[PDB]
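Chains as they are written, first to last, in the entry's author numbering: chain U, 13 to 225; chain B, 16 to 56, 63 to 251; chain V, 471 to 564; chain F, 5 to 67; chain E, 3 to 127; chain P, 745 to 755; chain G, 104 to 206; chain D, 819 to 881; chain A, 710 to 718, 731 to 760.
Worksheet: the structure to be examined is printed underneath.
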Amino acid sequence: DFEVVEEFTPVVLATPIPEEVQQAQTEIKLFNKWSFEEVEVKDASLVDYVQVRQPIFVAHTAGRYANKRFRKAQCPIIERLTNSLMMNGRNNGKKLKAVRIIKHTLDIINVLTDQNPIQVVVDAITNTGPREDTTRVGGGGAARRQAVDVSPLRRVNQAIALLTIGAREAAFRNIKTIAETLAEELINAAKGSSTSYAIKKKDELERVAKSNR
Amino acid sequence: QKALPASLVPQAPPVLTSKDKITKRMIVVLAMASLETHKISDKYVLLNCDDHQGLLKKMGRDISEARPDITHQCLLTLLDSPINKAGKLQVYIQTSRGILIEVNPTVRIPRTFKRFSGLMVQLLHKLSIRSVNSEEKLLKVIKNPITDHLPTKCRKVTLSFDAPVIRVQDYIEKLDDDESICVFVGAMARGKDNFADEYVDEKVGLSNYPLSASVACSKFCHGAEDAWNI
Amino acid sequence: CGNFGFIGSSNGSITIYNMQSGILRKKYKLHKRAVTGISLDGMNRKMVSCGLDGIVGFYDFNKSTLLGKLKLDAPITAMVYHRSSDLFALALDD
Amino acid sequence: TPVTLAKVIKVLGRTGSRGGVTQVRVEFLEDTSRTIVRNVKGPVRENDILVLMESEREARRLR
Amino acid sequence: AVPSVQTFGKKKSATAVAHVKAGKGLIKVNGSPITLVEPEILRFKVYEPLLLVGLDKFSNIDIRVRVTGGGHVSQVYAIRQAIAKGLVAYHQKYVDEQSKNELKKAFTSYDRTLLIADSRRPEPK
Amino acid sequence: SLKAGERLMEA
Amino acid sequence: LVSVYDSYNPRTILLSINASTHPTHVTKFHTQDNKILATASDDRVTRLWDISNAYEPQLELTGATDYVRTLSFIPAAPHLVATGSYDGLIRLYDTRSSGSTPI
Amino acid sequence: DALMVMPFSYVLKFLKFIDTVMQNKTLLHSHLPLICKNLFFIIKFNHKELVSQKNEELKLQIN
Amino acid sequence: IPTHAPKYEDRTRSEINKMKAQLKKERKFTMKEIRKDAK
RNA sequence: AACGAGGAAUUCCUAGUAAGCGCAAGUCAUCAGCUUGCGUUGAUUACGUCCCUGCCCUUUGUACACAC
Numbered sequence: 013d014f015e016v017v018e019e020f021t022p023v024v025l026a027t028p029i030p031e032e033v034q035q036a037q038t039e040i041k042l043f044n045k046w047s048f049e050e051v052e053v054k055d056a057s058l059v060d061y062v063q064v065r066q067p068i069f070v071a072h073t074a075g076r077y078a079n080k081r082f083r084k085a086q087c088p089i090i091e092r093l094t095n096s097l098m099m100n101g102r103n104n105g106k107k108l109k110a111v112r113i114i115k116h117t118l119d120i121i122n123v124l125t126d127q128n129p130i131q132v133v134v135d136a137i138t139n140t141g142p143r144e145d146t147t148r149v150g151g152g153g154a155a156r157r158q159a160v161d162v163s164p165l166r167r168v169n170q171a172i173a174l175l176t177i178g179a180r181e182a183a184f185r186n187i188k189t190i191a192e193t194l195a196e197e198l199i200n201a202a203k204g205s206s207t208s209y210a211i212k213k214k215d216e217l218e219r220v221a222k223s224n225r
Numbered sequence: 016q017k018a019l020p021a022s023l024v025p026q027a028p029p030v031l032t033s034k035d036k037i038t039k040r041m042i043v044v045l046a047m048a049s050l051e052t053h054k055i056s063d064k065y066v067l068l069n070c071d072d073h074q075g076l077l078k079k080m081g082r083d084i085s086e087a088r089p090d091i092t093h094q095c096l097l098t099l100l101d102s103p104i105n106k107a108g109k110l111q112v113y114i115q116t117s118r119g120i121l122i123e124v125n126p127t128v129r130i131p132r133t134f135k136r137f138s139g140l141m142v143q144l145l146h147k148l149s150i151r152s153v154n155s156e157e158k159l160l161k162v163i164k165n166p167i168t169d170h171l172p173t174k175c176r177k178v179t180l181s182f183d184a185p186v187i188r189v190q191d192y193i194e195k196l197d198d199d200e201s202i203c204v205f206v207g208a209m210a211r212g213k214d215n216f217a218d219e220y221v222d223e224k225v226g227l228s229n230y231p232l233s234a235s236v237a238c239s240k241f242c243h244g245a246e247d248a249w250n251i
Numbered sequence: 471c472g473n474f475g476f477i478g479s480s481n482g483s484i485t486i487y488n489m490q491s492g493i494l495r496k497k498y499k500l501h502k503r504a505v506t507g508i509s510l511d512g513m514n515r516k517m518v519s520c521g522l523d524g525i526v527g528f529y530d531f532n533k534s535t536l537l538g539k540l541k542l543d544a545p546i547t548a549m550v551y552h553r554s555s556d557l558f559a560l561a562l563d564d
Numbered sequence: 005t006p007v008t009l010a011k012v013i014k015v016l017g018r019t020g021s022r023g024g025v026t027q028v029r030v031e032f033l034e035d036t037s038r039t040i041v042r043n044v045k046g047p048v049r050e051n052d053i054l055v056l057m058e059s060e061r062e063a064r065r066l067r
Numbered sequence: 003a004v005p006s007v008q009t010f011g012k013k014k015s016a017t018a019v020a021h022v023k024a025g026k027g028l029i030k031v032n033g034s035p036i037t038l039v040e041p042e043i044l045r046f047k048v049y050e051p052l053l054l055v056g057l058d059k060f061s062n063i064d065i066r067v068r069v070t071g072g073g074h075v076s077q078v079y080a081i082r083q084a085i086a087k088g089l090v091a092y093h094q095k096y097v098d099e100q101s102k103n104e105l106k107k108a109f110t111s112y113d114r115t116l117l118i119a120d121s122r123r124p125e126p127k
Numbered sequence: 745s746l747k748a749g750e751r752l753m754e755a
Numbered sequence: 104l105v106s107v108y109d110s111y112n113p114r115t116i117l118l119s120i121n122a123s124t125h126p127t128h129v130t131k132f133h134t135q136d137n138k139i140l141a142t143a144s145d146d147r148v149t150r151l152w153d154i155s156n157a158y159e160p161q162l163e164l165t166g167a168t169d170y171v172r173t174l175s176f177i178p179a180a181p182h183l184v185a186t187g188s189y190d191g192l193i194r195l196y197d198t199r200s201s202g203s204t205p206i
Numbered sequence: 819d820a821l822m823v824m825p826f827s828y829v830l831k832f833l834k835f836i837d838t839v840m841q842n843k844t845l846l847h848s849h850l851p852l853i854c855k856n857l858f859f860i861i862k863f864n865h866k867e868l869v870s871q872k873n874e875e876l877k878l879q880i881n
Numbered sequence: 710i711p712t713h714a715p716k717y718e731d732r733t734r735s736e737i738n739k740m741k742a743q744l745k746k747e748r749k750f751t752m753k754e755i756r757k758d759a760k
């Protein structure tokens, strides 16, 4: 029986602190409600492009992620989703609004689909990444399409854009709100149920590639 | 054995437009239509093939080309086809210049050609028209691309004479459940059928015969109702 | 690295005291008789304890796990380490 | 649909391609010997893996 | 004499002064406990040192900070910076160098911005 | 016309 | 319809599910699963929805007679549902089968 | 660039071509350097795939 | 589906608008001409 | 009577940059129908290629090895 004892005396500050807070310091968790372990990017060719080996408390660690070519890759995933979400016509420059939004979305995620928000988010992004696109031929007079392959960082970017834009246009003219419908989008994509804007557009791209290879 | 819905009174399904992008519907487009407005001095006039020949020559195009009658009868027959009385389709005009005109299924076309031409010129300038209610705009104008303006899960087919004959009833009934249909119809009088190729997934034929555009529209529409139990 | 001073008590315990400020940092409870010797490998990597119960313990010290427990036959009383080659020697009871 | 995984090895150079698409040499990931040339559209560097549908057809210049 | 160490923190144009004394074990960002820095979406971006190093290292001492300048996000980043730098400075002045070096290593493992604010200079082309 | 490498390829 | 939304927050209509058009007299959660929600409506057909899928009845359930207005679950069995129809003749169903008829 | 972008089947064809040249020995001595450079560079680039392949005819011809 | 009909082709307020536009035009013009005179 | 985010064409943009948001000053030219500063909030996507569109260049090593 081997038992280290590094904590001789009870740790009690003279500043009142939340019990949940010391639980956090026992183990880092996102927003305190969700971990990062048992959290796999279930897809190779993505495993090292969606940085989920790094624990973060709030989705706002302001960093140097757009100077070299791929610091954008090294940035964590939830930060990417938050920023692409605040990318809008009158939401430019309200990151606190974006982060509140994503926090509430993940709360809905955990309540409805019991398993784990982050795991579901990763699953959605991987299952929505397109996998073969086309580009208009030069032609020289005859315009058509040529089938080409898509690199992982592009895949992730396309997936994030499709997810958030689908969520927006869904919440666009109804009474629902963007948190609600983005939860719809992520859950639906995690199922891969062909009935979300993301998977639909992905199917269109792949099918046209298949067609006019 | 199985009860009936709490109501069964007749109630019209809501009009379909470009804002709804979910429900399966029929998308008919009139393509390459010969439609533009010129000025003679003092007033603006839409081109027609039969009546504006000195200036048609001055501009340099073809009398055989610049004919919008074709558009008029095609548009009328689509708008008064039974499928619209069932409320399930809407139409898109691809102007020769490139404009998109989305035609809401609530309009009633003026049937005489001069009135129709007045509507087309007024639309080309003001970009919209309102109704008797004037509470929702009837004829809207929208941007490239049509793909950006189409229902998400659809098909891309153009009715070309050279394409093999396939029975519209057969192909529609084979089409999947949430699979909406767009059809790119060449309205242009006579020539080549190689314009929407980048948009389309296949060319399709309905006979070993050549067709008038409106008649082809009528046939394909007919197959659509026959599939959709109307 | 001249920082860490290891005591092996007479009741199976090991205490790791930081030396510059007399503070205590770490504790190890493996053995149960007196602990007849401690060595930390020349690399700060591992640390081996030998104890009168005829038991040696291999510890990872950068981490804080128990790499291994090797129970010999005789009670162990003396132990000397060699860092250049990473091997130690034990003078037994038998 | 049998997907395949390939490893981008070395990004070609001086090749007449189109802006944004690149010729690139890929080595099959579960078969560490076969190599094919394919066209890629996003950004990419060496030594990174990728998903293929058309496990057989080699690639061409795109004028 | 009272063991005493001061440090600084600077985000966009926000100053954060941080005294660190040996005392009763508390943490006060300008006269009100750190649990009530207001943004509430960032309070943990303030805590980050507390948690990442564990508490007793703070149980020993008293940290007082005051902050000015900038705005909300900048002031939160400035406090986290000043807390972390003050902790390492105190532990390298009056307590053992092993704590110093391993604390620095823990921080630079997590995110270096807790230590060296980037003076994010403009760039030519 | 064509580019090098490809030239040798067809030849 | 049924409104399903999280307690203490009247501001969020978390989901609105549209079952058959007749009024729904009975709605309940499961007690062995937490993502399965049961409802019935005057259509005399009781519908189990999975709150992950808002659109299609996860399992329609028939065999009732007239104006179904009660149901309950069996604690031990997470697959057994009893319905109190309004003509008497309590029905007992097992979901893992076809379910068209009660057990 | 050219020898790099050349794909593997064409590598094989190129080897058979060099065989034919050696039989047309006179051209060999007329252009010894260039052939040497081409051959050594191509094999030193496609080296791993070529060794991975299995062909006794290839064995004989490289001999 | 319900259908509708499209639209296509106060004198006091009309003349007010035309005369006010005329006046604004004239005021701009006399500014510019006096200014050129002065320079 | 009008209008529900503003067609067709063309123009600008790569990091504290796009786009938001309020206070302040009025500097011998220019600016009140405004002009310039100072802050706070802070992203998306290339960072590649000469295929197209133009533009440039050079088409003789001369510099001194070893190397083509």
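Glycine included, C-beta positions come from ideal geometry on N, C-alpha and C.
Open item on the list: Does B/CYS175 come out as helix, strand or coil in the three-state DSSP assignment?
Closed with: Taking the second sequence and counting its residues from 1, one reaches residue 175 of chain B at position 154. The answer is strand: DSSP assigns B/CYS175 an E or B state.
- [ ] Would you mind telling me which residues of chain U sit closer than 8 Å to F/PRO47, beta carbon to beta carbon, in chain order?
- [x] Numbered from 1 along the fourth sequence, position 43 holds the residue referred to as residue 47 of chain F. Under the 8 Å cutoff, chain U gives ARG81, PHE82, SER163, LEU165, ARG166.
Task: Own chain residues within Cβ distance below 8 Å of U/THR147, not counting five before or after - done: On the first sequence, position 135 is the one that residue 147 of chain U refers to. Excluding positions up to five away in sequence, the list reads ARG157, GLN158, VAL160.
Open item on the list: With distance defined between alpha-carbon atoms, name the residue in E/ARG122, E/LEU89, E/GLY27, E/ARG66 nearest to E/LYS102.
Closed with: As a working note, residue 102 of chain E is residue 100 in the fifth sequence. Among E/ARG122, E/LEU89, E/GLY27, E/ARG66, the Cα nearest to that of E/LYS102 is on E/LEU89.
TODO: May I ask you to report which of helix, strand or coil DSSP gives G/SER188?
DONE: In the seventh sequence, the residue the question calls residue 188 of chain G occupies position 85. The answer is coil: DSSP assigns G/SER188 none of H, G, I, E or B.
Task: Contact set between the stretch 21-38 of chain E and chain U, restricted to residues whose Cβ is under 8 Å from the partner - done: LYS26, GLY27, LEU28, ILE29, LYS30, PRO35, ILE36, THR37
Task: Option nearest B/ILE122 by Cα separation, candidates B/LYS106, B/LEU144, B/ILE104 - done: Position 101 of the second sequence, counted from the first residue, corresponds to residue 122 of chain B. Closest option to B/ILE122, Cα to Cα, is B/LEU144.
Open item on the list: Which residue marks the beginning of the alpha helix (DSSP H) containing U/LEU217, and which one marks its end?
Closed with: For this step, residue 217 of chain U is matched to residue 205 along the first sequence. Annotation: the continuous alpha helix (DSSP H) that includes U/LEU217 extends over 209-223.
TODO: Compare the beta carbon distance of U/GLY178 and U/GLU192 with 8 Å and say whether it is the shorter of the two.
DONE: In the first sequence, the residue the question calls residue 178 of chain U occupies position 166. In the first sequence, the residue the question calls residue 192 of chain U occupies position 180. With contacts defined by Cβ atoms closer than 8 Å, U/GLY178 and U/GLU192 do not form a contacting pair.
Open item on the list: Quick test of your reading: U/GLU91 and U/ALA78, contact by CB under 8 Å. State the CB separation rounded to the nearest angstrom.
Closed with: Locating residue 91 of chain U in the first sequence gives position 79, where the first residue counts as 1. Locating residue 78 of chain U in the first sequence gives position 66, where the first residue counts as 1. Not really, about 12 Å apart at Cβ, beyond 8 Å.
Task: 3-residue-minimum beta strand (DSSP E) runs that sit fully inside the stretch 106-181 of chain U, ordered along the chain - done: 145-148, 157-160
Task: Residue burial classification, A/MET740 (beta-carbon count within 10 angstroms, cutoff 16) - done: In the ninth sequence, counting from the first residue as 1, residue 740 of chain A sits at position 19. Counting Cβ neighbours within 10 Å, A/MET740 comes out exposed, since fewer than 16 surround it.
- [ ] Compare the C-alpha of G/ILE139 against each of G/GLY202, G/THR198, G/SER203, G/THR204 and name the closest.
- [x] Numbered from 1 along the seventh sequence, position 36 holds the residue referred to as residue 139 of chain G. When only C-alpha atoms are compared, the closest one is G/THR198.
Open item on the list: What does the alpha-carbon distance come out to for the pair V/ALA561 and V/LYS516?
Closed with: Against the third sequence, residue 561 of chain V aligns to sequence position 91. Against the third sequence, residue 516 of chain V aligns to sequence position 46. Cα to Cα, the separation comes out at about 21 Å.
Task: DSSP bridge partner residues for B/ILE114 (one or two, in chain order) - done: Residue 114 of chain B sits at position 93 when you count from the first residue of the second sequence. Note: B/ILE114 sits in a beta bridge opposite B/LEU45, B/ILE122.
- [ ] Please confirm whether any heavy atom of the ligand SAH lies closer than 7 Å to the CB of B/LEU140.
- [x] The model on display carries no ligand, and the ligand SAH is accordingly not part of it.
Task: Beta-bridge partners of G/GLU163, as assigned by DSSP - done: Here residue 163 of chain G refers to the residue found at position 60 when the seventh sequence is read from its first residue. G/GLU163 pairs with G/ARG150.
- [ ] For V/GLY524, I'd like the list of residues in its chain whose CB is within less than 7 Å of its CB, leaving aside the five on either flank, ordered along the chain.
- [x] Translated into the one-based positions of the third sequence, residue 524 of chain V becomes position 54. Result list for V/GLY524: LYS541, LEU542, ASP543, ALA544, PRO545, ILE546, in chain order.
- [ ] Using 10 angstroms around the beta-carbon of G/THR168, count the other beta-carbons present and answer buried if the total reaches 16, otherwise exposed.
- [x] The residue labelled residue 168 of chain G in the question sits at position 65 within the seventh sequence. So G/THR168 ends up on the exposed side.
Task: U/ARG83 - DSSP class collapsed to helix/strand/coil - done: In the first sequence, counting from the first residue as 1, residue 83 of chain U sits at position 71. It is helical.
Task: Length of the line joining the Cα atoms of G/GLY187 and G/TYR170 - done: The residue labelled residue 187 of chain G in the question sits at position 84 within the seventh sequence. The residue labelled residue 170 of chain G in the question sits at position 67 within the seventh sequence. Looking at the two C-alpha atoms, the distance is approximately 10 Å.
Task: Positions along the stretch 489-508 of chain V whose CB lies within less than 7 Å of some CB in chain E - done: Within the stretch 489-508 of chain V, the qualifying residues are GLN490, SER491, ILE493.
Open item on the list: Buried or exposed, going by whether 16 or more other CB atoms sit within 10 Å of the CB of P/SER745?
Closed with: To locate residue 745 of chain P, count along the sixth sequence from 1; it is residue 1. Answer is exposed; the Cβ neighbour count stays below 16.
Open item on the list: Considering Cα atoms alone, identify which of E/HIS74, E/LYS59, E/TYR92 is closest to V/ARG495.
Closed with: Residue mapping note: residue 495 of chain V aligns to position 25 of the third sequence, counting from 1. Selected option, being the one with the closest Cα: E/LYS59.
Open item on the list: Please list the terminal residues of the continuous beta strand (DSSP E) segment that includes E/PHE10.
Closed with: Residue mapping note: residue 10 of chain E aligns to position 8 of the fifth sequence, counting from 1. First-last of the beta strand (DSSP E) with E/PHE10: 6-13.
- [ ] Could you check the C-alpha separation between U/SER205 and U/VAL133 for me, to the nearest Å?
- [x] Numbered from its first residue, the first sequence carries residue 205 of chain U at position 193. Numbered from its first residue, the first sequence carries residue 133 of chain U at position 121. So the two alpha carbons sit approximately 15 Å from each other.
Open item on the list: I'd like to know if U/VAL16 contacts chain E, where contact means its C-beta is closer than 8 Å to some C-beta of that chain.
Closed with: If you number the first sequence from 1, residue 16 of chain U lands on position 4. No, because no Cβ of chain E sits closer than 8 Å to the Cβ of U/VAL16.
Open item on the list: Counting only Cβ-Cβ distances shorter than 9 Å, please list the residues of the stretch 82-105 of chain E near chain V, keeping chain order.
Closed with: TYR96, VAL97, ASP98, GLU99, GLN100, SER101
Open item on the list: In the DSSP assignment, the beta strand (DSSP E) including B/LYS161 goes from what residue to what residue?
Closed with: Taking the second sequence and counting its residues from 1, the one referred to as residue 161 of chain B is at position 140. Taken as a continuous stretch (DSSP letters only), the beta strand (DSSP E) holding B/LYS161 covers 160-163.
Open item on the list: Please confirm whether V/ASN473 has its beta-carbon closer than 8 Å to some beta-carbon of chain E.
Closed with: The residue given as residue 473 of chain V occupies position 3 in the third sequence. So yes, V/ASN473 belongs to the interface.
Task: For A/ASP731, three-class secondary structure by DSSP - done: Along the ninth sequence, read from residue 1 onward, the residue named residue 731 of chain A stands at position 10. Here A/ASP731 sits in coil by DSSP.
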